[PDB]
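**Q** What follows is a single structure, and I will ask about it in a moment.
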Amino acid sequence: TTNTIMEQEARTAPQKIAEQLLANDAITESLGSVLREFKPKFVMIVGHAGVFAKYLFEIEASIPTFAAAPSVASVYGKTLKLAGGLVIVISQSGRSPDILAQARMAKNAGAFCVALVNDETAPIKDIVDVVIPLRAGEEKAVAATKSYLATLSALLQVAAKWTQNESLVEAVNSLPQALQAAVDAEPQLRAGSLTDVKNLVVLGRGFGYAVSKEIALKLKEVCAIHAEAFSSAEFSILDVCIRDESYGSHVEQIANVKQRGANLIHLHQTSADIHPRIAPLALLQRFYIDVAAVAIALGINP
Amino acid sequence: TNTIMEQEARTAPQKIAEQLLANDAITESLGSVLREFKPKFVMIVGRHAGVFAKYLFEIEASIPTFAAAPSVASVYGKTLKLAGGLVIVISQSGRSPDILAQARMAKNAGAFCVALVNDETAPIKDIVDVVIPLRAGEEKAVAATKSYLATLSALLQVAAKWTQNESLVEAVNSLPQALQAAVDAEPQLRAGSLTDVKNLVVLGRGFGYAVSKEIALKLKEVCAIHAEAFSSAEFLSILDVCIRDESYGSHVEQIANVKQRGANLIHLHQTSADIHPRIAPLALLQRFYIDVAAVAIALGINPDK
């Protein structure tokens, strides 16, 4: 243990998210039946949580999902035709002008609008149709940990309640225990693996690609290492390995770049018994604790 | 420089003039088809042109636009509900396996499907509803120049014919002239500006952000320089991609404050001519493609290898 606020906060994520899912069960149940009547033609994410949301809603609901480009609303001043679509606004504080502007425009276009927000006093609440509180508490660390996991858990519960896919409902039911298992697992990323690393490539596929971007960002923000995330199909190297449908094509690519001579550090979800849709969060949970230790070792206070 | 790259870049104003003339009818007919169909969204299936298409159709057509995730179908085995949507397949060869499967599924989901492809014989033609030939001819160079500009010009003409936005129609009609002006303008990026540059941040906003991604890719691919593109709002050597459109005010403020904070700044721009704001990104790229051939040679790199 580093005794940092970052690691202390990361270790609280299983408990905060367990409380979140229980407290939000009713409001997401209600949003689910509203969405089944509304029948979104697409999901637009207003804000890396969006990349995760894209794989989540496309795979589990077959609904095209994508991220808004903020400047279209704020700089070019354009409203999009969003009638019949769902807009999810993801904002911790729920106060930024650009976020509020995108939300009003989405509403004025006839979109059904949901906000995922940590601060329930925020003015986003007076614009959107539905507020899902993240219930992560206060994050004192500069690097977000529990608040990002809380966003993914809220997305997962919204999706579980809307689709009512039994395996997704099972995934959400298992999520806090799985995160706690990841907290209790053995460290994966160790400072030794990065001693002379300046440029770094994080590779993942599918949901693992979604969490690779968060990992690359956190290595930049916390460890001062130029990290960039890529899909392993399209592509020294950080392997984000998830045991889901992407396992087969991903490990073949990782195996061959290791064969060709790349320097490899391997992350994984910590246990085979974790539901495939929860595995990306479990891997991240583990990484959040381990990157705190790494930062201290390279001489940085997280 | 005498590279195939620069030679190919310098033909883009003529190839694109020829493309627009030859595609006038097919894009005109596609536009009236789309006005009748009324796409609820535009999904781009590809390999960066898709990022440009996003700003184009959202800003000019007000239609949400986004890139497909190929692994959703191929790895996770899922089909999307695309009924009522437009799918644009952008592929030079029109042959990659992911492109063809995504086109077939989009067709089966009831989406209207367009392919922008250079090879009109490609089997993609047998799946989609409409083929827009890029008409860039053969690119012998390793680094694409005219073929990328040709992709953007086809997107603009599709957009111009579909929306019939008056300004956009003037933009497309003025496009070969603006490209010709950019080829004849003064060089901007010179090898001198990169002498002690290892990591490089390319900054733009809106359409300029879309083309910053292409510029970052070309700087890595041709010049072995670690370049990465960012939107200037969200943001040491910085390559400033400046566009005089609605994003100008917000972008130049960010550039000024980062120059104040002490960054090493290289400035690209659309050239002193009177160029339409929606064409300015292509003009800046046209200029960049000729100048970057020189930068590669100066650093001892054949951009045709």
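As shown in the structure tokens, the chain order sets the letters A, B, ...; within each chain, residues go from 1, and ligands are also counted from 1 in the order they appear.
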Dump as a Markdown table the rows for residues of chain B within 9 Å of chain A: closest atom pair and distance in Å with one decimal, only C-alpha atoms counted, ordered by chain and rising residue number.

**A**
| residue | atom | partner | partner_atom | distance |
| --- | --- | --- | --- | --- |
| B:40 | CA | A:81 | CA | 7.6 |
| B:41 | CA | A:42 | CA | 8.5 |
| B:43 | CA | A:64 | CA | 8.7 |
| B:47 | CA | A:234 | CA | 8.5 |
| B:54 | CA | A:69 | CA | 8.5 |
| B:55 | CA | A:72 | CA | 7.1 |
| B:58 | CA | A:80 | CA | 6.6 |
| B:59 | CA | A:78 | CA | 6.2 |
| B:60 | CA | A:78 | CA | 8.8 |
| B:61 | CA | A:80 | CA | 8.4 |
| B:62 | CA | A:80 | CA | 4.6 |
| B:63 | CA | A:81 | CA | 5.8 |
| B:64 | CA | A:80 | CA | 6.2 |
| B:65 | CA | A:66 | CA | 8.4 |
| B:66 | CA | A:66 | CA | 6.1 |
| B:67 | CA | A:66 | CA | 7.7 |
| B:68 | CA | A:64 | CA | 8.4 |
| B:69 | CA | A:55 | CA | 8.0 |
| B:71 | CA | A:206 | CA | 6.6 |
| B:72 | CA | A:59 | CA | 6.3 |
| B:73 | CA | A:59 | CA | 8.5 |
| B:75 | CA | A:246 | CA | 5.8 |
| B:76 | CA | A:245 | CA | 5.7 |
| B:77 | CA | A:59 | CA | 8.3 |
| B:78 | CA | A:59 | CA | 6.0 |
| B:79 | CA | A:62 | CA | 6.2 |
| B:80 | CA | A:62 | CA | 4.5 |
| B:81 | CA | A:62 | CA | 5.9 |
| B:82 | CA | A:64 | CA | 7.4 |
| B:83 | CA | A:41 | CA | 8.8 |
| B:205 | CA | A:71 | CA | 7.7 |
| B:206 | CA | A:71 | CA | 6.3 |
| B:233 | CA | A:71 | CA | 8.8 |
| B:245 | CA | A:76 | CA | 8.6 |
| B:246 | CA | A:76 | CA | 5.6 |
| B:247 | CA | A:75 | CA | 5.7 |
| B:250 | CA | A:75 | CA | 7.7 |

**Q** Residues as selected, N, CA and C atoms, written as a CSV table (one decimal), in the first residue's frame, can you do that?

**A**
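Output contents, as saved in result_27.csv:
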chain,number,residue,atom,x,y,z
B,40,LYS,N,-31.4,9.2,-40.9
B,40,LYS,CA,-31.5,9.6,-39.5
B,40,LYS,C,-30.1,9.8,-38.9
B,41,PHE,N,-29.0,9.2,-39.6
B,41,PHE,CA,-27.7,9.3,-39.1
B,41,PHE,C,-26.8,8.9,-40.2
B,43,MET,N,-23.2,6.7,-40.7
B,43,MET,CA,-22.2,5.9,-40.1
B,43,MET,C,-21.1,5.7,-41.2
B,47,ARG,N,-11.0,2.2,-42.7
B,47,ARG,CA,-9.8,1.4,-42.5
B,47,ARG,C,-9.8,0.5,-41.3
B,54,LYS,N,-17.5,13.6,-40.3
B,54,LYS,CA,-18.4,13.9,-39.1
B,54,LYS,C,-18.6,15.3,-39.0
B,55,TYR,N,-17.6,16.2,-39.1
B,55,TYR,CA,-17.8,17.6,-39.0
B,55,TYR,C,-18.6,18.1,-40.2
B,58,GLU,N,-22.5,16.8,-39.9
B,58,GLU,CA,-23.2,17.4,-38.8
B,58,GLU,C,-23.3,18.9,-39.0
B,59,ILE,N,-22.3,19.5,-39.5
B,59,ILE,CA,-22.4,21.0,-39.5
B,59,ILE,C,-23.3,21.4,-40.7
B,60,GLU,N,-23.1,20.7,-41.9
B,60,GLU,CA,-23.8,21.2,-43.0
B,60,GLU,C,-25.2,20.5,-43.2
B,61,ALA,N,-25.4,19.3,-42.7
B,61,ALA,CA,-26.6,18.6,-42.9
B,61,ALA,C,-27.4,18.4,-41.6
B,62,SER,N,-26.8,18.7,-40.5
B,62,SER,CA,-27.4,18.6,-39.2
B,62,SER,C,-27.7,17.1,-38.9
B,63,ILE,N,-27.0,16.2,-39.5
B,63,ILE,CA,-27.3,14.7,-39.3
B,63,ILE,C,-26.1,14.1,-38.5
B,64,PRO,N,-26.4,13.5,-37.3
B,64,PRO,CA,-25.4,12.9,-36.5
B,64,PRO,C,-24.6,11.9,-37.3
B,65,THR,N,-23.3,12.0,-37.2
B,65,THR,CA,-22.3,11.2,-38.0
B,65,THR,C,-21.3,10.6,-37.1
B,66,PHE,N,-20.9,9.4,-37.4
B,66,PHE,CA,-19.9,8.7,-36.5
B,66,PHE,C,-19.3,7.5,-37.3
B,67,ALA,N,-18.2,7.0,-36.7
B,67,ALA,CA,-17.5,5.8,-37.3
B,67,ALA,C,-18.0,4.5,-36.7
B,68,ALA,N,-18.1,3.5,-37.6
B,68,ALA,CA,-18.4,2.2,-37.2
B,68,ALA,C,-17.3,1.6,-36.3
B,69,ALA,N,-17.7,0.7,-35.4
B,69,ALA,CA,-16.7,-0.2,-34.7
B,69,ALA,C,-16.7,-1.6,-35.4
B,71,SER,N,-15.2,-4.4,-34.9
B,71,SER,CA,-15.1,-5.6,-34.1
B,71,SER,C,-16.5,-5.9,-33.5
B,72,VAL,N,-17.4,-5.0,-33.5
B,72,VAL,CA,-18.8,-5.3,-32.9
B,72,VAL,C,-19.4,-6.4,-33.8
B,73,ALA,N,-19.3,-6.3,-35.1
B,73,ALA,CA,-19.8,-7.4,-35.9
B,73,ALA,C,-18.8,-8.6,-36.0
B,75,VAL,N,-15.9,-9.6,-34.3
B,75,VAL,CA,-15.5,-10.3,-33.1
B,75,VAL,C,-16.6,-10.6,-32.2
B,76,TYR,N,-17.4,-9.6,-31.9
B,76,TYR,CA,-18.5,-9.9,-30.9
B,76,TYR,C,-19.7,-10.5,-31.7
B,77,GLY,N,-19.7,-10.5,-33.0
B,77,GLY,CA,-20.8,-11.2,-33.8
B,77,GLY,C,-22.2,-10.5,-33.7
B,78,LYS,N,-22.2,-9.2,-33.6
B,78,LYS,CA,-23.5,-8.5,-33.5
B,78,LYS,C,-23.9,-7.7,-34.7
B,79,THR,N,-25.1,-7.6,-35.0
B,79,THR,CA,-25.6,-6.8,-36.1
B,79,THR,C,-26.3,-5.5,-35.5
B,80,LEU,N,-26.2,-4.4,-36.1
B,80,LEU,CA,-26.8,-3.1,-35.6
B,80,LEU,C,-28.1,-2.9,-36.4
B,81,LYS,N,-29.0,-2.2,-35.7
B,81,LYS,CA,-30.2,-1.7,-36.2
B,81,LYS,C,-29.8,-0.4,-36.9
B,82,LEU,N,-29.7,-0.5,-38.3
B,82,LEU,CA,-29.3,0.7,-39.1
B,82,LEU,C,-30.4,1.2,-40.0
B,83,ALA,N,-31.7,0.7,-39.8
B,83,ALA,CA,-32.7,1.1,-40.7
B,83,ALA,C,-32.9,2.6,-40.6
B,205,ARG,N,-8.9,22.8,-34.5
B,205,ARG,CA,-10.2,22.8,-33.9
B,205,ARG,C,-11.2,22.5,-35.0
B,206,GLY,N,-12.2,21.7,-34.8
B,206,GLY,CA,-13.2,21.4,-35.8
B,206,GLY,C,-12.6,20.7,-37.0
B,233,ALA,N,-9.0,23.0,-27.7
B,233,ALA,CA,-9.8,23.3,-26.5
B,233,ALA,C,-9.4,22.5,-25.4
B,245,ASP,N,-12.4,29.6,-39.9
B,245,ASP,CA,-13.9,29.4,-39.9
B,245,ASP,C,-14.4,29.8,-38.5
B,246,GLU,N,-15.6,29.3,-38.2
B,246,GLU,CA,-16.2,29.6,-36.9
B,246,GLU,C,-15.3,29.3,-35.7
B,247,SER,N,-14.4,28.4,-35.9
B,247,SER,CA,-13.5,28.0,-34.8
B,247,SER,C,-12.3,28.9,-34.6
B,250,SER,N,-11.9,30.9,-31.0
B,250,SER,CA,-11.5,30.1,-29.9
B,250,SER,C,-10.2,29.4,-30.1

**Q** Residues of range 44-272 of chain B in strand (DSSP E) according to DSSP, as a PyMOL selection string?

**A** chain B and resi 44-45+65-67+86-91+112-117+130-133+199-204+226-231+237-241+264-268

**Q** Output as a PDB file with N, CA, C and O atoms, in the first residue's frame all residues of range 246-295 of chain A that backbone DSSP marks as helix (DSSP H, G or I).

**A**
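Produced file out37.pdb, reproduced below:
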ATOM      1  N   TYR A 247     -10.786 -12.248 -27.116  1.00  0.00           N
ATOM      2  CA  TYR A 247      -9.549 -12.883 -26.650  1.00  0.00           C
ATOM      3  C   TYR A 247      -8.786 -13.460 -27.824  1.00  0.00           C
ATOM      4  O   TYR A 247      -7.599 -13.156 -28.016  1.00  0.00           O
ATOM      5  N   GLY A 248      -9.470 -14.268 -28.650  1.00  0.00           N
ATOM      6  CA  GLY A 248      -8.795 -14.966 -29.726  1.00  0.00           C
ATOM      7  C   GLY A 248      -8.010 -14.067 -30.658  1.00  0.00           C
ATOM      8  O   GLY A 248      -6.797 -14.260 -30.831  1.00  0.00           O
ATOM      9  N   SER A 249      -8.663 -13.057 -31.248  1.00  0.00           N
ATOM     10  CA  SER A 249      -7.920 -12.227 -32.191  1.00  0.00           C
ATOM     11  C   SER A 249      -6.854 -11.382 -31.478  1.00  0.00           C
ATOM     12  O   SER A 249      -5.791 -11.121 -32.043  1.00  0.00           O
ATOM     13  N   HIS A 250      -7.101 -10.967 -30.234  1.00  0.00           N
ATOM     14  CA  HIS A 250      -6.143 -10.115 -29.539  1.00  0.00           C
ATOM     15  C   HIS A 250      -4.855 -10.875 -29.197  1.00  0.00           C
ATOM     16  O   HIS A 250      -3.748 -10.380 -29.453  1.00  0.00           O
ATOM     17  N   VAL A 251      -4.973 -12.073 -28.608  1.00  0.00           N
ATOM     18  CA  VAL A 251      -3.763 -12.761 -28.156  1.00  0.00           C
ATOM     19  C   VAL A 251      -2.912 -13.185 -29.343  1.00  0.00           C
ATOM     20  O   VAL A 251      -1.685 -13.255 -29.229  1.00  0.00           O
ATOM     21  N   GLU A 252      -3.534 -13.459 -30.490  1.00  0.00           N
ATOM     22  CA  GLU A 252      -2.761 -13.758 -31.692  1.00  0.00           C
ATOM     23  C   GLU A 252      -1.893 -12.573 -32.087  1.00  0.00           C
ATOM     24  O   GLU A 252      -0.709 -12.739 -32.408  1.00  0.00           O
ATOM     25  N   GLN A 253      -2.453 -11.362 -32.051  1.00  0.00           N
ATOM     26  CA  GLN A 253      -1.645 -10.188 -32.353  1.00  0.00           C
ATOM     27  C   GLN A 253      -0.570  -9.955 -31.285  1.00  0.00           C
ATOM     28  O   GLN A 253       0.582  -9.626 -31.609  1.00  0.00           O
ATOM     29  N   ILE A 254      -0.913 -10.100 -30.002  1.00  0.00           N
ATOM     30  CA  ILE A 254       0.107  -9.885 -28.978  1.00  0.00           C
ATOM     31  C   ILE A 254       1.227 -10.912 -29.129  1.00  0.00           C
ATOM     32  O   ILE A 254       2.418 -10.574 -29.041  1.00  0.00           O
ATOM     33  N   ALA A 255       0.862 -12.179 -29.374  1.00  0.00           N
ATOM     34  CA  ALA A 255       1.873 -13.232 -29.501  1.00  0.00           C
ATOM     35  C   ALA A 255       2.850 -12.926 -30.623  1.00  0.00           C
ATOM     36  O   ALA A 255       4.059 -13.163 -30.491  1.00  0.00           O
ATOM     37  N   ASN A 256       2.348 -12.404 -31.740  1.00  0.00           N
ATOM     38  CA  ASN A 256       3.235 -12.183 -32.870  1.00  0.00           C
ATOM     39  C   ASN A 256       4.110 -10.951 -32.691  1.00  0.00           C
ATOM     40  O   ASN A 256       5.265 -10.961 -33.119  1.00  0.00           O
ATOM     41  N   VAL A 257       3.638  -9.919 -31.997  1.00  0.00           N
ATOM     42  CA  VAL A 257       4.549  -8.803 -31.800  1.00  0.00           C
ATOM     43  C   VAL A 257       5.598  -9.157 -30.751  1.00  0.00           C
ATOM     44  O   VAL A 257       6.718  -8.646 -30.807  1.00  0.00           O
ATOM     45  N   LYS A 258       5.264 -10.024 -29.783  1.00  0.00           N
ATOM     46  CA  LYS A 258       6.281 -10.525 -28.862  1.00  0.00           C
ATOM     47  C   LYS A 258       7.300 -11.398 -29.595  1.00  0.00           C
ATOM     48  O   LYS A 258       8.498 -11.340 -29.296  1.00  0.00           O
ATOM     49  N   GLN A 259       6.826 -12.227 -30.533  1.00  0.00           N
ATOM     50  CA  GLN A 259       7.693 -13.013 -31.411  1.00  0.00           C
ATOM     51  C   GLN A 259       8.661 -12.135 -32.192  1.00  0.00           C
ATOM     52  O   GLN A 259       9.841 -12.472 -32.343  1.00  0.00           O
ATOM     53  N   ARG A 260       8.157 -11.046 -32.765  1.00  0.00           N
ATOM     54  CA  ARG A 260       8.986 -10.136 -33.530  1.00  0.00           C
ATOM     55  C   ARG A 260       9.939  -9.318 -32.654  1.00  0.00           C
ATOM     56  O   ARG A 260      10.854  -8.689 -33.198  1.00  0.00           O
ATOM     57  N   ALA A 279     -14.902  -7.849 -16.604  1.00  0.00           N
ATOM     58  CA  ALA A 279     -13.445  -7.976 -16.691  1.00  0.00           C
ATOM     59  C   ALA A 279     -12.706  -6.676 -17.020  1.00  0.00           C
ATOM     60  O   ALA A 279     -11.630  -6.450 -16.441  1.00  0.00           O
ATOM     61  N   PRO A 280     -13.186  -5.819 -17.928  1.00  0.00           N
ATOM     62  CA  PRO A 280     -12.483  -4.552 -18.175  1.00  0.00           C
ATOM     63  C   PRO A 280     -12.428  -3.654 -16.945  1.00  0.00           C
ATOM     64  O   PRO A 280     -11.398  -3.029 -16.682  1.00  0.00           O
ATOM     65  N   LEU A 281     -13.511  -3.570 -16.183  1.00  0.00           N
ATOM     66  CA  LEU A 281     -13.485  -2.783 -14.949  1.00  0.00           C
ATOM     67  C   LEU A 281     -12.538  -3.402 -13.908  1.00  0.00           C
ATOM     68  O   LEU A 281     -11.799  -2.680 -13.222  1.00  0.00           O
ATOM     69  N   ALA A 282     -12.539  -4.734 -13.783  1.00  0.00           N
ATOM     70  CA  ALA A 282     -11.663  -5.384 -12.814  1.00  0.00           C
ATOM     71  C   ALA A 282     -10.209  -5.125 -13.162  1.00  0.00           C
ATOM     72  O   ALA A 282      -9.409  -4.762 -12.286  1.00  0.00           O
ATOM     73  N   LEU A 283      -9.861  -5.238 -14.452  1.00  0.00           N
ATOM     74  CA  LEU A 283      -8.505  -4.919 -14.857  1.00  0.00           C
ATOM     75  C   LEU A 283      -8.163  -3.476 -14.517  1.00  0.00           C
ATOM     76  O   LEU A 283      -7.056  -3.187 -14.044  1.00  0.00           O
ATOM     77  N   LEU A 284      -9.077  -2.550 -14.793  1.00  0.00           N
ATOM     78  CA  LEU A 284      -8.811  -1.157 -14.461  1.00  0.00           C
ATOM     79  C   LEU A 284      -8.649  -0.959 -12.955  1.00  0.00           C
ATOM     80  O   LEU A 284      -7.775  -0.203 -12.513  1.00  0.00           O
ATOM     81  N   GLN A 285      -9.534  -1.575 -12.167  1.00  0.00           N
ATOM     82  CA  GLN A 285      -9.475  -1.496 -10.702  1.00  0.00           C
ATOM     83  C   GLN A 285      -8.093  -1.855 -10.173  1.00  0.00           C
ATOM     84  O   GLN A 285      -7.526  -1.151  -9.321  1.00  0.00           O
ATOM     85  N   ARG A 286      -7.559  -2.979 -10.659  1.00  0.00           N
ATOM     86  CA  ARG A 286      -6.206  -3.430 -10.334  1.00  0.00           C
ATOM     87  C   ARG A 286      -5.170  -2.398 -10.771  1.00  0.00           C
ATOM     88  O   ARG A 286      -4.247  -2.059 -10.015  1.00  0.00           O
ATOM     89  N   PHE A 287      -5.304  -1.896 -12.004  1.00  0.00           N
ATOM     90  CA  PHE A 287      -4.318  -0.960 -12.542  1.00  0.00           C
ATOM     91  C   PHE A 287      -4.279   0.329 -11.721  1.00  0.00           C
ATOM     92  O   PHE A 287      -3.201   0.894 -11.497  1.00  0.00           O
ATOM     93  N   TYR A 288      -5.443   0.810 -11.273  1.00  0.00           N
ATOM     94  CA  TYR A 288      -5.514   2.066 -10.528  1.00  0.00           C
ATOM     95  C   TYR A 288      -4.699   2.007  -9.230  1.00  0.00           C
ATOM     96  O   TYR A 288      -4.098   3.006  -8.801  1.00  0.00           O
ATOM     97  N   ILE A 289      -4.724   0.861  -8.562  1.00  0.00           N
ATOM     98  CA  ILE A 289      -3.923   0.668  -7.361  1.00  0.00           C
ATOM     99  C   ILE A 289      -2.451   0.525  -7.723  1.00  0.00           C
ATOM    100  O   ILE A 289      -1.581   1.089  -7.054  1.00  0.00           O
ATOM    101  N   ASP A 290      -2.144  -0.225  -8.784  1.00  0.00           N
ATOM    102  CA  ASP A 290      -0.746  -0.468  -9.140  1.00  0.00           C
ATOM    103  C   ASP A 290      -0.050   0.770  -9.704  1.00  0.00           C
ATOM    104  O   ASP A 290       1.165   0.921  -9.534  1.00  0.00           O
ATOM    105  N   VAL A 291      -0.771   1.634 -10.427  1.00  0.00           N
ATOM    106  CA  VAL A 291      -0.117   2.799 -11.027  1.00  0.00           C
ATOM    107  C   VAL A 291       0.241   3.837  -9.953  1.00  0.00           C
ATOM    108  O   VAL A 291       1.167   4.637 -10.134  1.00  0.00           O
ATOM    109  N   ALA A 292      -0.482   3.845  -8.836  1.00  0.00           N
ATOM    110  CA  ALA A 292      -0.108   4.674  -7.699  1.00  0.00           C
ATOM    111  C   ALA A 292       1.268   4.282  -7.171  1.00  0.00           C
ATOM    112  O   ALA A 292       2.142   5.137  -6.968  1.00  0.00           O
ATOM    113  N   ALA A 293       1.492   2.978  -6.995  1.00  0.00           N
ATOM    114  CA  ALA A 293       2.796   2.505  -6.559  1.00  0.00           C
ATOM    115  C   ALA A 293       3.863   2.846  -7.583  1.00  0.00           C
ATOM    116  O   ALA A 293       4.978   3.230  -7.217  1.00  0.00           O
ATOM    117  N   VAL A 294       3.541   2.719  -8.872  1.00  0.00           N
ATOM    118  CA  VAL A 294       4.539   2.994  -9.903  1.00  0.00           C
ATOM    119  C   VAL A 294       4.967   4.453  -9.844  1.00  0.00           C
ATOM    120  O   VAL A 294       6.161   4.770  -9.886  1.00  0.00           O
ATOM    121  N   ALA A 295       4.000   5.357  -9.677  1.00  0.00           N
ATOM    122  CA  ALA A 295       4.300   6.785  -9.695  1.00  0.00           C
ATOM    123  C   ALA A 295       5.258   7.156  -8.574  1.00  0.00           C
ATOM    124  O   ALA A 295       6.191   7.941  -8.777  1.00  0.00           O
TER     125      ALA A 295
END

**Q** Could you give me, as a list in words, the residues within 8 Å of range 21-35 of chain A, counting only C-alpha atoms and dropping anything in the same chain fewer than 3 positions from it?

**A** residues 17, 18, 38, 39, 40, 130, 132, 133, 153, 154, 157, 158, 159, 161, 162 and 163 of chain A

**Q** Counting only C-alpha atoms, what is within 10 Å of residue 173 in chain B, bar same-chain residues fewer than 6 positions away, as number ranges by chain?

**A** B: 17, 20-21, 157, 160, 167

**Q** Take the residues from that selection and put them in a file with C-alpha atoms, as a PDB file, in the first residue's frame.

**A**
ATOM      1  CA  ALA B  17     -11.385  19.220 -60.983  1.00  0.00           C
ATOM      2  CA  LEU B  20     -15.967  16.824 -59.647  1.00  0.00           C
ATOM      3  CA  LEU B  21     -16.916  17.258 -63.308  1.00  0.00           C
ATOM      4  CA  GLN B 157     -19.559  17.159 -53.365  1.00  0.00           C
ATOM      5  CA  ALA B 160     -23.121  19.857 -51.508  1.00  0.00           C
ATOM      6  CA  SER B 167     -22.509  28.404 -49.541  1.00  0.00           C
TER       7      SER B 167
END

**Q** Using only C-alpha atoms, pick whichever of B:198, B:48, B:190, B:38 has the shortest atom-to-atom distance to residue 217 in chain B.

**A**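 Checking each candidate against residue 217 in chain B, we get B:48 as the closest.
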
**Q** Looking at only C-alpha atoms, which of A:203, A:175, A:168, A:5 is the one that sits closest to residue 302 in chain A?

**A** A:5

**Q** Can you tell me how far CA of residue 263 in chain A sits from CA of residue 198 in chain A, in Å to one decimal?

**A**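 Going from CA of residue 263 in chain A over to CA of residue 198 in chain A covers 12.7 Å.
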
**Q** So that I can see what lies close to residue 237 in chain B, please list as a PyMOL selection string the residues with an atom at most 8 Å from it, counting only C-alpha atoms and leaving out residues fewer than 3 positions away in the same chain.

**A** chain B and resi 197+199-201+263-266

**Q** Could you list, as an MDAnalysis selection string, every residue within 8 Å of residue 168 in chain B, counting only C-alpha atoms and ignoring same-chain residues fewer than 4 positions away?

**A** chainID B and resid 60 156 159:160 164 172 278

**Q** Could you write those residues out with N, CA, C and O atoms, as a PDB file, in the first residue's frame?

**A**
ATOM      1  N   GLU B  60     -23.115  20.742 -41.853  1.00  0.00           N
ATOM      2  CA  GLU B  60     -23.826  21.194 -43.048  1.00  0.00           C
ATOM      3  C   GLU B  60     -25.200  20.547 -43.216  1.00  0.00           C
ATOM      4  O   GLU B  60     -26.139  21.205 -43.693  1.00  0.00           O
ATOM      5  N   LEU B 156     -17.286  16.283 -49.868  1.00  0.00           N
ATOM      6  CA  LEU B 156     -17.853  17.621 -49.991  1.00  0.00           C
ATOM      7  C   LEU B 156     -18.893  17.697 -51.115  1.00  0.00           C
ATOM      8  O   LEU B 156     -19.989  18.254 -50.931  1.00  0.00           O
ATOM      9  N   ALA B 159     -21.980  16.097 -50.077  1.00  0.00           N
ATOM     10  CA  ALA B 159     -22.657  16.947 -49.103  1.00  0.00           C
ATOM     11  C   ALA B 159     -23.310  18.138 -49.787  1.00  0.00           C
ATOM     12  O   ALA B 159     -24.428  18.542 -49.422  1.00  0.00           O
ATOM     13  N   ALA B 160     -22.600  18.724 -50.757  1.00  0.00           N
ATOM     14  CA  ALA B 160     -23.121  19.857 -51.508  1.00  0.00           C
ATOM     15  C   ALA B 160     -24.348  19.461 -52.312  1.00  0.00           C
ATOM     16  O   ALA B 160     -25.347  20.190 -52.325  1.00  0.00           O
ATOM     17  N   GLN B 164     -27.763  20.916 -50.880  1.00  0.00           N
ATOM     18  CA  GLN B 164     -27.976  22.098 -51.738  1.00  0.00           C
ATOM     19  C   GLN B 164     -27.806  23.394 -50.938  1.00  0.00           C
ATOM     20  O   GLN B 164     -28.375  24.434 -51.286  1.00  0.00           O
ATOM     21  N   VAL B 172     -17.683  23.989 -53.124  1.00  0.00           N
ATOM     22  CA  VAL B 172     -17.246  22.913 -54.015  1.00  0.00           C
ATOM     23  C   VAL B 172     -16.864  23.455 -55.395  1.00  0.00           C
ATOM     24  O   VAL B 172     -15.829  23.078 -55.951  1.00  0.00           O
ATOM     25  N   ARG B 278     -14.911  26.275 -45.647  1.00  0.00           N
ATOM     26  CA  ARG B 278     -15.040  24.822 -45.690  1.00  0.00           C
ATOM     27  C   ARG B 278     -14.022  24.160 -46.597  1.00  0.00           C
ATOM     28  O   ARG B 278     -13.826  22.945 -46.499  1.00  0.00           O
TER      29      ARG B 278
END

**Q** Could you pull the residues within 8 Å of residue 135 in chain B, counting only C-alpha atoms, minus those fewer than 5 positions along the same chain, as JSON, numbers by chain?

**A** {"B": [15, 16, 18, 19, 118, 150]}

**Q** Could you please take those selected residues and save N, CA and C atoms as an mmCIF file, in the first residue's frame?

**A**
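Dumped everything to part15.cif:
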data_model
loop_
_atom_site.group_PDB
_atom_site.id
_atom_site.type_symbol
_atom_site.label_atom_id
_atom_site.label_comp_id
_atom_site.auth_asym_id
_atom_site.auth_seq_id
_atom_site.Cartn_x
_atom_site.Cartn_y
_atom_site.Cartn_z
ATOM 1 N N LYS B 15 -6.715 16.537 -60.949
ATOM 2 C CA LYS B 15 -7.459 15.298 -60.746
ATOM 3 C C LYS B 15 -8.799 15.572 -60.079
ATOM 4 N N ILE B 16 -8.819 16.503 -59.119
ATOM 5 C CA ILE B 16 -10.059 16.778 -58.388
ATOM 6 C C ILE B 16 -11.023 17.601 -59.231
ATOM 7 N N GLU B 18 -11.255 17.247 -62.409
ATOM 8 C CA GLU B 18 -11.789 16.177 -63.255
ATOM 9 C C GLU B 18 -12.769 15.289 -62.493
ATOM 10 N N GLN B 19 -12.452 14.947 -61.234
ATOM 11 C CA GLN B 19 -13.380 14.130 -60.444
ATOM 12 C C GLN B 19 -14.728 14.825 -60.291
ATOM 13 N N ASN B 118 -11.635 4.083 -55.012
ATOM 14 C CA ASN B 118 -10.877 4.451 -56.202
ATOM 15 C C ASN B 118 -11.002 3.413 -57.312
ATOM 16 N N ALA B 150 -8.757 13.559 -52.725
ATOM 17 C CA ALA B 150 -9.869 13.116 -53.553
ATOM 18 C C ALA B 150 -11.014 12.550 -52.719
#

**Q** Given the choices A:178, A:142, A:127, A:45, which gets closest to residue 275 in chain A if the distance is worked out from only C-alpha atoms?

**A** A:178

**Q** Looking at A:57, A:235, A:230, A:112, which one is nearest to residue 213 in chain A, with distances taken over only C-alpha atoms?

**A**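 Among A:57, A:235, A:230, A:112, it is A:230 that comes nearest to residue 213 in chain A.
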